[PDB]
Amino acid sequence: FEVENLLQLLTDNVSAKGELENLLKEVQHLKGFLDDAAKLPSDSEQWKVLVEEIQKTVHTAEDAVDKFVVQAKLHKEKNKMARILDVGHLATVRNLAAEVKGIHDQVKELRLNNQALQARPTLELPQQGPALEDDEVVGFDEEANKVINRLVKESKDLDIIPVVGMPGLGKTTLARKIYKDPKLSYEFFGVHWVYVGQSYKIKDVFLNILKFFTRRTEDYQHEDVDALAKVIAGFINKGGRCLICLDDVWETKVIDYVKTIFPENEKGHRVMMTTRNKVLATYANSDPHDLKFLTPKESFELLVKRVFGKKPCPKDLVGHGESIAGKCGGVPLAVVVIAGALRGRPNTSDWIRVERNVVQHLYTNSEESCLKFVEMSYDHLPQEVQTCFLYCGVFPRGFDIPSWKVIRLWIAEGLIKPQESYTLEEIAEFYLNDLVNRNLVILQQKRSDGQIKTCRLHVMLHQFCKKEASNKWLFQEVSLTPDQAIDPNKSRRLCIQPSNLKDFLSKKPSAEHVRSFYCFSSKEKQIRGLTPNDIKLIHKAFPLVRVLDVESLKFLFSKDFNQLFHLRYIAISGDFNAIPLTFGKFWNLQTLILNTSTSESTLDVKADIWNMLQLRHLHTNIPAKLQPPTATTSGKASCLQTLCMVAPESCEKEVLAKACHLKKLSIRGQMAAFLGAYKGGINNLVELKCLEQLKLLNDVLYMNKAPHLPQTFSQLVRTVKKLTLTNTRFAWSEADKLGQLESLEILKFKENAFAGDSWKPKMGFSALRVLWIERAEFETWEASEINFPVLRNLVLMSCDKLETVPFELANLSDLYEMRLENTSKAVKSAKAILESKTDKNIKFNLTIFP
Amino acid sequence: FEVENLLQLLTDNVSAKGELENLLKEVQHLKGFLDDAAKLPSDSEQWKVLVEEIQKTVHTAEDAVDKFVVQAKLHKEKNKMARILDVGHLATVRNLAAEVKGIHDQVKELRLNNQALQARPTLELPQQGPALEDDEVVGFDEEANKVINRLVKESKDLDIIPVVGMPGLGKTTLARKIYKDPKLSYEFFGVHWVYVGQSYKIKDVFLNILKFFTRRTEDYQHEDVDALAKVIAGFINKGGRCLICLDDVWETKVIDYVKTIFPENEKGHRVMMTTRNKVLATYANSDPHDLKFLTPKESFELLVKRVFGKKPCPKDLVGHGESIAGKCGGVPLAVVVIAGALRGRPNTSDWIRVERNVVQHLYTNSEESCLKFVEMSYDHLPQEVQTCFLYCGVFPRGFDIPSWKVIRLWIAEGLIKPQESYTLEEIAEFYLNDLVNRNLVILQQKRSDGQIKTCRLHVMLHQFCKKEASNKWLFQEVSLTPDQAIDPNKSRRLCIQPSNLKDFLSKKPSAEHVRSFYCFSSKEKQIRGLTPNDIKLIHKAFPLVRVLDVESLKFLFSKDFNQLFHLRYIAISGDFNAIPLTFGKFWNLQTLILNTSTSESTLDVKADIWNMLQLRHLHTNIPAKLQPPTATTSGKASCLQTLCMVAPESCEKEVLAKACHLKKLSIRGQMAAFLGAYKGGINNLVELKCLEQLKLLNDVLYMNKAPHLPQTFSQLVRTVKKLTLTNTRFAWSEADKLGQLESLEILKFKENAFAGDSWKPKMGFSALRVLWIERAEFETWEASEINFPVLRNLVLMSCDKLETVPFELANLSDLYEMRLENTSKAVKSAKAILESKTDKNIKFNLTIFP
Amino acid sequence: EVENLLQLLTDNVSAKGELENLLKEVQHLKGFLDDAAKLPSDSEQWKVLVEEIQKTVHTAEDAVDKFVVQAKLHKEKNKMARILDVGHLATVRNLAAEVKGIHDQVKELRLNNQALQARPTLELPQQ
Ligand SMILES: Nc1ncnc2c1ncn2[C@@H]1O[C@H](COP(=O)(O)OP(=O)(O)OP(=O)(O)O)[C@@H](O)[C@H]1O
Ligand SMILES: Nc1ncnc2c1ncn2[C@@H]1O[C@H](COP(=O)(O)OP(=O)(O)OP(=O)(O)O)[C@@H](O)[C@H]1O
């Protein structure tokens, strides 16, 4: 046995690398086939079987390759004596080699046996409703009047009025309503309608337009595009003022084609167009008309209308009907589709069937129209954003998906690929920005800069993403009808709700193909009765985790968890006084979010963060006392872009030299002991090159002496875009020192950041965009035009002490935004400045709470 | 082990040659498949995987074959005792045979397993914009006026006015603007427009022409081509003067089909035709109208004319806007396309996304029209010029590509193939000449003979070439987002930049499939901190380099660098006193450029250049002391065409006999000891048969005795076409002999080449084309018509002493060009000659600086 | 190494049995030597044979003592040092191979040479 064992063991190691490379190349083949098959439309159960099988074989080979490389690195870590001497290593490594050969031959026979896989040169092989009347439209009366108003206002220029939203949001219904208002007839000689959609031809559109202006299109079918444009221009000139309806135009070229047909007769014509692309709407009109959201009562009224015509919904179905109405998120088409499923089912058994879940019920049966309706644009997304989109589907339904969390989740799953001059963080931020541009992913929260802060995936879109991923298996959500498991073995990843986590753990989960663990707290901070054994068994179940993201728990650094070298992105919480060195073995790691409940003032990062080349972002809820890099660790600049909640002690010349590419840096502690010359730890910030954000927080309320912004501070932080001061109690004279930042973009004064009865700024802020003052005790302000020449946003919250916003800021042309939150009499001056700007008729916004 | 080793080693080598030949045949098969695949359009990921795989396998097998032959040559180079005795020889040889056998079986299974490769008889499987008005056309006002002036000028003959330029340059916009001037209507009764493009049918063109002259084309659809020609001629005769606008005509047959329609009514009709082929335009009109280049302000105004139409661009987007405007190189289609990318994106995050790199942003997404716009003519080039073009896509963006550098680079990359009566130099020069003819490759510098000197790839075309090569993998440019490497393993070649070279070395590069090293100095002479260790690392990383081209460095002749026997083309610089014999082992060498910083007056070529049969061109920045060929080296005439910077001592009877086919020879040193009878080194030039260029340079400013050209000099250099004399200090009487060269074509008197207060030439120069005089101390010139009968260019520079250009040169009909750079009062005589020729109305150009 | 590990492990897969057989056969040769010492001898061939049996007996004794010393050294080392040591494995089985060689030498010494055959009572022995 041992003779034979060692014989085959030695024989195999001689092709382990060749077997590895051949398996990897053939798995690349199968992955290319898999992309092809995903693109293809399929209807044969055998084809779904084969796609399932190739996906599972591909992911099995991926696990084998990652295991082999991880073992190789582990061996290289061991000393030469423990390298040669180890015999268990020999057994495991050759068992791994044997598995790799088995899977390689499996891939060889997968390619050879199945004819479908053969390489092909270029071979992938790929109507409205009834029409409502005014009484059938719901809650659009105010919207219709607003849009018609916008249309009718006299303006010699050809102004556009676009309507934009999400798939099946009712836009075409708003246009059809608008299209049949007598007011529109009064204001315009001839209103004509046209539908474009994603697929169209201009000549079709131009011919249909011409039909309205003459019935002899048979004569002009021989005219060219520009001749037709001139003809229609003359026809309109004869007609007079005209409004043209455009249903679902998604391309700028189309708009720029439509401007042509309108003559320059200074009649102030109009074109109102529907577009699922917010950017297209924005170009069409500089101020869009985002289709409102139906309120739950309106949705219930619509469902009543549909599943019972005009006869009232019967009494007992009202409860269930109400339930169905609210759950649809406020988009009419979800109501429409579930009503379709409910047509003529006055028996409450089926109403209860449909209610119990009303997101799955769309995308089923023949009248699934929601699916294809959304797909009308998903295919309008490139593959990179296709995938980055689908991974918005992990977050629980109704969850608020943070911008940074989702950005690092994308970048931690390997979905994004590097570009030739950009950084993965900004490529991903652009991907999500664009995802909102296409209205694909709701965005209701705006950073001071105006960037995404919380994006949600609409209930209908949530179920669409979940089911689409499940079909592609990129991830999945575990469910349990009382008992059972829904085949999680067909789940490349598992998203588990905390409530069912204990039960899923009771079955002793154990998976290898799994490559992440998602368990978010939609009900924030509802940490259930999870024992340490639960966390240990979690560590056991998923050994190949790239993405271990769980924050509603008391996590611990079990030995098993310490072995997870494949780790990429960690979101854990508990009571940790210092990061153990075990984190120094997670070479694959790219991100680390830390939220510790420890009473310790500082967290000691024992793990050598410097050696982790793949590392990109470390986040801590409390200041981190990072060890400086040693001589051995000296090398290339670290990949670290974001380093949040840094202890000032851990800001040394060597650390900042090792993180010169650091972008987002936050430091909290004692400041005066950090601001002096011998406190040049601040002077050490010169090491940071691409630094952009800097949060300064003082943990002491009783300060020995008030610090002073060093004169070098102007250039010490020259690269910083965002700069938040918290509990700094700086003299407003120091605000002048803050006026010498060339690249200052955002400015937050939080918790008496600046101490003083009144603020009289002098230095101009040639680029500042957002001013943010929170809980400022200073009573009067005399900021002038020169101070903030390019003010675009000014936020002052909890200003119970401030007296009046200076009128001088009214002159600022750039300034359009002004929010006063829990502010004193200065609210009156906000009204005065708003009135002045309205008299000047400058686009400006004023928000007052409550 | 040793028994089995030697057994296998002997058995395989018995079969090594058969294995080699069979592998070569099968790799020829895969290369033919690749030639098919490149043409065939494809969109399937699996097929791109297969093409990647066949490319990698083919290049791997090519490396194996070249390594095996190099080893064979090395072994044959060793002595018989050093041949039989060597044991490492057998080890490496039999390992190489094992690798060759492995890759041969790889190719066998690549063919058999994959059905895509089966031989097939004949089986590869292969609209305007909106239209503007005159306010949307930028900066073409003067251009349109110039073109219309060219048009309307009265002339009985049917003169043509063509508009030519690069893809996406806006020609059709100029024509349309021309097509809508009232002036054109005033000067012509009937103006009609026709679109041809690359693909067209005459009958469609003629029928559409006939429509403008009668609405009954339905009647004449049955008439033959000549019948339609006569009909249109009669219609034009009835109409009178006519200008016909032609869009995108590329083939001359079309032009000569258009002359037919026009009647001979001595009405001076006109034809306007746009054409991407500069030669076609030149035929259409003897003086083309190269569409001007939009200035950066015009490009910014245009981009405003789209991303914000007529509403002025907001303030903060101007900075970014200006950046995105100038970067487009001065062609409106780059502006248009990146605008399309920017449509309705007033959030400056995306403006900065697009600005950072504004050449990639074309050729991406749906509205990438730049790509297909260039491809509409890339297929217009045969495969040879197809490839030669793509290797203009390796010089850094904005780099000025020298004519000789690129010519040899082509010929050194294995892209050109020999013809049946031509020499690779002139085939390649013709290829680049055409690459300018088709407007493909910009050309802004002219050699005195009038051939290309510098050529550039327009930023748009540069990125197109880079991406096209990268898809085909013919080469690639290494990039690093902070860290990382972009998979350079899929880069058959690496084009790195000096800025990133140090970091590239930091990763310890090691490649085998790489077959060249491109590192040019766009910022000339910016040699960064590259240590000798860096150069050694270069030598190590790329062992199979055919083309090693790096001059921004301090290169050294390391032992490893001496091994590169596959070497073809060298471009190196440093401090070398004499070329080591190590270069005598580079049997594959074809070219050698040398730029040595040594203070030595002469460089001694220790390497036996005579034995290098593949050698074609040696270049040195200082005179070279070549060793004469020995008796053993005696054989066929050397392939050497160009031999630059030759020490006069290095010009011996035997040397020149061995290089009788030498064409470009340059000699520098002490000359007075060169012209004498016992200095028959001048007489030794009789050996050169196809000598074309001859540059004579004297390094001494204090000459013992004024030299004197030999009487034989006339027939000594009878084959010379170019003859640049520098610092010769010759009496103008000696110039009279210069009229005794039958084949003289170029004449550059540089740095007091001829000494004398005045020049009074007598002998005629029956063929001289371009005269050329730098820094002439002579004061008065008395040349006449007989002296320069066929003068085509007359360039006089730094002639601060020259008094007046003789008026007699005015009579010269051939003379069209004349340039006075930093010239004295003779500039006034230049004005006199210009006025006289203008009075005679002879097509003449005068340039004066400053 | 593959052939090396094969041959070593297969030699061990018995070193104790080879050891004991060699020991008993060397006891045989030692008894023969005790006989031959008493015997008067005058034949150069017999002195050659006695020299040879003495050298073979003492060679086998050196091999046996070396092998037991190596075994004791193994037992001295820690369990980790016992299992992990690879050079020790090579020396162990080289010693075992030498023991097999000497044992075969003793077998052929007995069989080839008649002189060694067992015999009940045969030792042949003026002022
Ligand atoms: N207020 C409403 N009351 C009743 N039904 C409505 C209402 N709004 C929309 N619908 C229904 O929605 C469906 C029409 O959706 P619509 O075409 O307007 O969607 P959309 O968001 O504009 O989509 P797209 O951009 O793909 O055209 C029809 O069933 C129509 O009856
Ligand atoms: N306002 C404008 N100012 C300048 N150029 C414009 C403007 N609007 C469109 N264009 C140019 O018009 C071009 C239309 O194609 P055009 O025929 O003029 O290009 P070309 O390079 O001359 O040759 P080809 O006919 O092969 O396309 C577009 O490339 C765009 O660059």
# chains A, B, ... in the order shown; residues from 1 in each chain; ligands from 1
$ residues_near_ligand --ligand "ligand 1" --cutoff "9 Å" --atoms "only C-alpha atoms and all ligand atoms" --output "MDAnalysis selection string"
chainID A and resid 128:132 135:140 163:176 197 247:249 274:276 291 294 298:299 301:303 305:306 331:337 373:374 376:377
$ residues_around --residues "range 833-837 of chain B" --least-positions-apart "3" --cutoff "12 Å" --atoms "only C-alpha atoms" --output "compact mmCIF listing (two decimals) with N, CA and C atoms, in the first residue's frame"
# COMPACT_ATOMS: atom_id res chain seq x y z
N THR B 804 22.09 88.42 -53.90
CA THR B 804 20.88 88.38 -54.71
C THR B 804 20.85 87.10 -55.52
N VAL B 805 19.70 86.43 -55.52
CA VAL B 805 19.52 85.27 -56.40
C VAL B 805 19.46 85.76 -57.84
N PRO B 806 20.23 85.19 -58.77
CA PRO B 806 20.22 85.70 -60.14
C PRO B 806 18.82 85.64 -60.74
N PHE B 807 18.46 86.70 -61.46
CA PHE B 807 17.17 86.74 -62.14
C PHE B 807 17.06 85.67 -63.22
N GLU B 808 18.20 85.20 -63.73
CA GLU B 808 18.17 84.25 -64.84
C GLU B 808 17.40 82.98 -64.48
N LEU B 809 17.37 82.63 -63.19
CA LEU B 809 16.64 81.43 -62.78
C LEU B 809 15.14 81.57 -63.00
N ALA B 810 14.66 82.78 -63.27
CA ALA B 810 13.22 82.97 -63.49
C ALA B 810 12.74 82.20 -64.71
N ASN B 811 13.52 82.20 -65.78
CA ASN B 811 13.08 81.56 -67.02
C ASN B 811 12.81 80.07 -66.82
N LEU B 812 13.41 79.46 -65.80
CA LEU B 812 13.29 78.02 -65.61
C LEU B 812 11.84 77.62 -65.41
N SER B 813 11.27 76.94 -66.41
CA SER B 813 9.89 76.47 -66.30
C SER B 813 9.77 75.40 -65.22
N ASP B 814 10.75 74.50 -65.14
CA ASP B 814 10.69 73.42 -64.16
C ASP B 814 10.67 73.97 -62.74
N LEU B 815 11.50 74.97 -62.46
CA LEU B 815 11.60 75.52 -61.12
C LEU B 815 10.22 75.93 -60.61
N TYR B 816 9.77 75.30 -59.52
CA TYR B 816 8.54 75.70 -58.85
C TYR B 816 8.74 76.04 -57.39
N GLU B 817 9.77 75.50 -56.76
CA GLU B 817 10.02 75.68 -55.33
C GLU B 817 11.26 76.53 -55.11
N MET B 818 11.24 77.32 -54.04
CA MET B 818 12.39 78.14 -53.67
C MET B 818 12.17 78.63 -52.24
N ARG B 819 13.20 78.47 -51.41
CA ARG B 819 13.09 78.82 -49.99
C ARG B 819 14.37 79.52 -49.55
N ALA B 826 19.35 89.11 -50.49
CA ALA B 826 18.85 88.23 -51.53
C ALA B 826 17.38 87.89 -51.34
N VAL B 827 16.84 88.08 -50.13
CA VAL B 827 15.41 87.91 -49.92
C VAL B 827 14.62 88.84 -50.83
N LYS B 828 15.11 90.06 -51.03
CA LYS B 828 14.43 90.99 -51.92
C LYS B 828 14.40 90.46 -53.35
N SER B 829 15.52 89.90 -53.81
CA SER B 829 15.53 89.27 -55.13
C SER B 829 14.59 88.07 -55.16
N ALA B 830 14.38 87.41 -54.02
CA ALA B 830 13.36 86.36 -53.96
C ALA B 830 11.98 86.94 -54.22
N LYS B 840 4.11 85.98 -64.97
CA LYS B 840 4.01 84.88 -65.92
C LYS B 840 2.97 83.86 -65.50
N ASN B 841 2.46 83.96 -64.27
CA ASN B 841 1.41 83.06 -63.78
C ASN B 841 1.86 81.61 -63.85
N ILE B 842 3.00 81.33 -63.21
CA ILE B 842 3.58 79.99 -63.15
C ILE B 842 3.49 79.51 -61.70
N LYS B 843 2.92 78.31 -61.49
CA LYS B 843 2.65 77.76 -60.16
C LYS B 843 3.86 77.67 -59.25
N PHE B 844 4.11 78.69 -58.44
CA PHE B 844 5.37 78.78 -57.72
C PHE B 844 5.12 79.07 -56.26
N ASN B 845 6.01 78.54 -55.41
CA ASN B 845 5.92 78.67 -53.97
C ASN B 845 7.18 79.33 -53.44
N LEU B 846 6.99 80.31 -52.56
CA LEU B 846 8.07 81.03 -51.91
C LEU B 846 7.86 80.95 -50.41
N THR B 847 8.91 80.60 -49.68
CA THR B 847 8.86 80.53 -48.22
C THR B 847 9.95 81.42 -47.65
N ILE B 848 9.58 82.27 -46.70
CA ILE B 848 10.51 83.17 -46.04
C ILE B 848 10.31 83.05 -44.54
$ residues_around --residues "residue 70 in chain C" --least-positions-apart "6" --cutoff "10 Å" --atoms "only C-alpha atoms" --output "ChimeraX atom specification"
/C:64,76,88,91-92,95
$ residues_around --residues "residue 575 in chain A" --least-positions-apart "6" --cutoff "9 Å" --atoms "only C-alpha atoms" --output "PDB file with C-alpha atoms, in the first residue's frame"
ATOM      1  CA  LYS A 554     -20.715  38.506  17.462  1.00  0.00           C
ATOM      2  CA  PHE A 555     -17.891  37.314  15.232  1.00  0.00           C
ATOM      3  CA  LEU A 556     -14.755  35.628  16.563  1.00  0.00           C
ATOM      4  CA  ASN A 595     -16.891  47.324  13.583  1.00  0.00           C
ATOM      5  CA  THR A 596     -15.707  46.406  17.081  1.00  0.00           C
ATOM      6  CA  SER A 597     -17.727  46.883  20.268  1.00  0.00           C
ATOM      7  CA  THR A 598     -14.560  46.901  22.389  1.00  0.00           C
ATOM      8  CA  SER A 599     -14.285  49.670  24.971  1.00  0.00           C
TER       9      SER A 599
END
$ interface_residues --of "chain A" --to "chain B" --cutoff "7 Å" --atoms "only C-alpha atoms" --output "NGL selection string"
:A and (29 or 32-33 or 35-36 or 118-124 or 256-257 or 279-280 or 282-283 or 420-423)
$ write_last_selection --atoms "N, CA, C and O atoms" --output "PDB file, in the first residue's frame"
ATOM      1  N   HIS A  29     -11.879  27.410 -22.045  1.00  0.00           N
ATOM      2  CA  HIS A  29     -12.762  27.005 -23.134  1.00  0.00           C
ATOM      3  C   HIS A  29     -14.205  26.889 -22.659  1.00  0.00           C
ATOM      4  O   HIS A  29     -15.129  27.432 -23.276  1.00  0.00           O
ATOM      5  N   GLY A  32     -15.785  30.281 -21.943  1.00  0.00           N
ATOM      6  CA  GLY A  32     -16.216  30.939 -23.165  1.00  0.00           C
ATOM      7  C   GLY A  32     -17.507  30.351 -23.697  1.00  0.00           C
ATOM      8  O   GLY A  32     -18.438  31.082 -24.062  1.00  0.00           O
ATOM      9  N   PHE A  33     -17.591  29.019 -23.739  1.00  0.00           N
ATOM     10  CA  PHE A  33     -18.850  28.398 -24.128  1.00  0.00           C
ATOM     11  C   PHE A  33     -19.978  28.858 -23.223  1.00  0.00           C
ATOM     12  O   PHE A  33     -21.112  29.027 -23.673  1.00  0.00           O
ATOM     13  N   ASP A  35     -20.351  31.693 -21.578  1.00  0.00           N
ATOM     14  CA  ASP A  35     -20.788  33.028 -21.976  1.00  0.00           C
ATOM     15  C   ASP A  35     -21.674  32.947 -23.214  1.00  0.00           C
ATOM     16  O   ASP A  35     -22.764  33.538 -23.261  1.00  0.00           O
ATOM     17  N   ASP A  36     -21.230  32.189 -24.219  1.00  0.00           N
ATOM     18  CA  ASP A  36     -22.046  32.004 -25.417  1.00  0.00           C
ATOM     19  C   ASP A  36     -23.436  31.495 -25.058  1.00  0.00           C
ATOM     20  O   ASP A  36     -24.451  32.058 -25.482  1.00  0.00           O
ATOM     21  N   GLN A 118     -18.578  22.633 -29.755  1.00  0.00           N
ATOM     22  CA  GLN A 118     -17.624  22.858 -30.833  1.00  0.00           C
ATOM     23  C   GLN A 118     -17.500  24.344 -31.145  1.00  0.00           C
ATOM     24  O   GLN A 118     -18.491  25.076 -31.178  1.00  0.00           O
ATOM     25  N   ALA A 119     -16.265  24.785 -31.372  1.00  0.00           N
ATOM     26  CA  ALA A 119     -16.014  26.187 -31.670  1.00  0.00           C
ATOM     27  C   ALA A 119     -16.742  26.598 -32.941  1.00  0.00           C
ATOM     28  O   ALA A 119     -16.779  25.847 -33.920  1.00  0.00           O
ATOM     29  N   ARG A 120     -17.323  27.799 -32.925  1.00  0.00           N
ATOM     30  CA  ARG A 120     -18.049  28.330 -34.066  1.00  0.00           C
ATOM     31  C   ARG A 120     -17.512  29.708 -34.434  1.00  0.00           C
ATOM     32  O   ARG A 120     -17.191  30.499 -33.542  1.00  0.00           O
ATOM     33  N   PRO A 121     -17.407  30.033 -35.727  1.00  0.00           N
ATOM     34  CA  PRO A 121     -16.782  31.309 -36.101  1.00  0.00           C
ATOM     35  C   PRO A 121     -17.562  32.513 -35.605  1.00  0.00           C
ATOM     36  O   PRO A 121     -17.046  33.322 -34.828  1.00  0.00           O
ATOM     37  N   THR A 122     -18.812  32.637 -36.041  1.00  0.00           N
ATOM     38  CA  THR A 122     -19.716  33.680 -35.559  1.00  0.00           C
ATOM     39  C   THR A 122     -21.084  33.018 -35.446  1.00  0.00           C
ATOM     40  O   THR A 122     -21.883  33.069 -36.385  1.00  0.00           O
ATOM     41  N   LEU A 123     -21.355  32.397 -34.301  1.00  0.00           N
ATOM     42  CA  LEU A 123     -22.617  31.677 -34.133  1.00  0.00           C
ATOM     43  C   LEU A 123     -23.106  31.818 -32.694  1.00  0.00           C
ATOM     44  O   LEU A 123     -22.805  30.989 -31.832  1.00  0.00           O
ATOM     45  N   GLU A 124     -23.875  32.870 -32.456  1.00  0.00           N
ATOM     46  CA  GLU A 124     -24.902  32.889 -31.431  1.00  0.00           C
ATOM     47  C   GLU A 124     -26.229  32.996 -32.165  1.00  0.00           C
ATOM     48  O   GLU A 124     -26.320  33.673 -33.194  1.00  0.00           O
ATOM     49  N   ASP A 256     -31.569  64.369 -32.011  1.00  0.00           N
ATOM     50  CA  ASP A 256     -30.924  65.296 -32.927  1.00  0.00           C
ATOM     51  C   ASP A 256     -31.428  65.141 -34.352  1.00  0.00           C
ATOM     52  O   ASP A 256     -31.257  66.061 -35.158  1.00  0.00           O
ATOM     53  N   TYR A 257     -32.031  64.000 -34.679  1.00  0.00           N
ATOM     54  CA  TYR A 257     -32.766  63.880 -35.929  1.00  0.00           C
ATOM     55  C   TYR A 257     -34.101  64.608 -35.866  1.00  0.00           C
ATOM     56  O   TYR A 257     -34.540  65.177 -36.870  1.00  0.00           O
ATOM     57  N   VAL A 279     -30.169  60.141 -18.642  1.00  0.00           N
ATOM     58  CA  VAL A 279     -29.244  61.041 -19.329  1.00  0.00           C
ATOM     59  C   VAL A 279     -29.869  61.570 -20.613  1.00  0.00           C
ATOM     60  O   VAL A 279     -29.725  62.753 -20.956  1.00  0.00           O
ATOM     61  N   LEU A 280     -30.537  60.693 -21.363  1.00  0.00           N
ATOM     62  CA  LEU A 280     -31.203  61.118 -22.589  1.00  0.00           C
ATOM     63  C   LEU A 280     -32.271  62.158 -22.290  1.00  0.00           C
ATOM     64  O   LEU A 280     -32.370  63.181 -22.975  1.00  0.00           O
ATOM     65  N   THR A 282     -32.250  64.148 -19.744  1.00  0.00           N
ATOM     66  CA  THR A 282     -31.566  65.364 -19.321  1.00  0.00           C
ATOM     67  C   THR A 282     -31.082  66.169 -20.513  1.00  0.00           C
ATOM     68  O   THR A 282     -31.181  67.402 -20.508  1.00  0.00           O
ATOM     69  N   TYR A 283     -30.536  65.507 -21.529  1.00  0.00           N
ATOM     70  CA  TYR A 283     -30.168  66.241 -22.734  1.00  0.00           C
ATOM     71  C   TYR A 283     -31.405  66.819 -23.410  1.00  0.00           C
ATOM     72  O   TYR A 283     -31.396  67.968 -23.865  1.00  0.00           O
ATOM     73  N   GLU A 420      -7.347  51.135 -18.528  1.00  0.00           N
ATOM     74  CA  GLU A 420      -5.981  51.487 -18.884  1.00  0.00           C
ATOM     75  C   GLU A 420      -5.480  52.759 -18.213  1.00  0.00           C
ATOM     76  O   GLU A 420      -4.278  53.038 -18.288  1.00  0.00           O
ATOM     77  N   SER A 421      -6.351  53.546 -17.575  1.00  0.00           N
ATOM     78  CA  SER A 421      -5.875  54.682 -16.794  1.00  0.00           C
ATOM     79  C   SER A 421      -6.672  54.930 -15.517  1.00  0.00           C
ATOM     80  O   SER A 421      -6.411  55.930 -14.836  1.00  0.00           O
ATOM     81  N   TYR A 422      -7.620  54.071 -15.159  1.00  0.00           N
ATOM     82  CA  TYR A 422      -8.514  54.334 -14.040  1.00  0.00           C
ATOM     83  C   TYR A 422      -8.246  53.361 -12.900  1.00  0.00           C
ATOM     84  O   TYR A 422      -7.513  52.378 -13.040  1.00  0.00           O
ATOM     85  N   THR A 423      -8.863  53.652 -11.759  1.00  0.00           N
ATOM     86  CA  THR A 423      -8.760  52.829 -10.563  1.00  0.00           C
ATOM     87  C   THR A 423     -10.081  52.107 -10.330  1.00  0.00           C
ATOM     88  O   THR A 423     -11.154  52.678 -10.543  1.00  0.00           O
TER      89      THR A 423
END
$ select_by_dssp --residues "range 25-118 of chain C" --states "alpha helix (DSSP H)" --output "MDAnalysis selection string"
chainID C and resid 25:38 44:76 79:84 87:112
$ closest_residue --among "C:85, C:104, C:62, C:51" --to "chain A" --atoms "only C-alpha atoms"
C:85
$ atom_distance --atom1 "CA of residue 749 in chain A" --atom2 "CA of residue 672 in chain A"
17.8 Å
$ atom_distance --atom1 "CA of residue 61 in chain A" --atom2 "CA of residue 586 in chain A"
21.5 Å
$ interface_residues --of "chain C" --to "chain A" --cutoff "9 Å" --atoms "only C-alpha atoms" --output "list in words"
residues 1, 2, 3, 5, 6, 9, 10, 13, 81, 83, 84, 85 and 86 of chain C
$ residues_around --residues "residue 116 in chain C" --least-positions-apart "2" --cutoff "12 Å" --atoms "only C-alpha atoms" --output "PyMOL selection string"
chain C and resi 25+28-36+46+49-50+53+106-114+118-119+122
$ atom_distance --atom1 "CA of residue 199 in chain A" --atom2 "CA of residue 255 in chain A"
14.5 Å
$ select_by_dssp --residues "range 205-267 of chain B" --states "strand (DSSP E)" --output "number ranges by chain"
B: 242-247
$ residues_around --residues "residue 553 in chain A" --least-positions-apart "5" --cutoff "8 Å" --atoms "only C-alpha atoms" --output "compact mmCIF listing (two decimals) with C-alpha atoms, in the first residue's frame"
# COMPACT_ATOMS: atom_id res chain seq x y z
CA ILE A 527 -28.62 40.29 16.17
CA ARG A 528 -30.49 37.08 17.00
CA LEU A 530 -26.26 33.25 17.47
CA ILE A 572 -17.43 41.41 10.51
CA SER A 573 -18.29 42.77 13.94
CA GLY A 574 -17.79 41.79 17.56
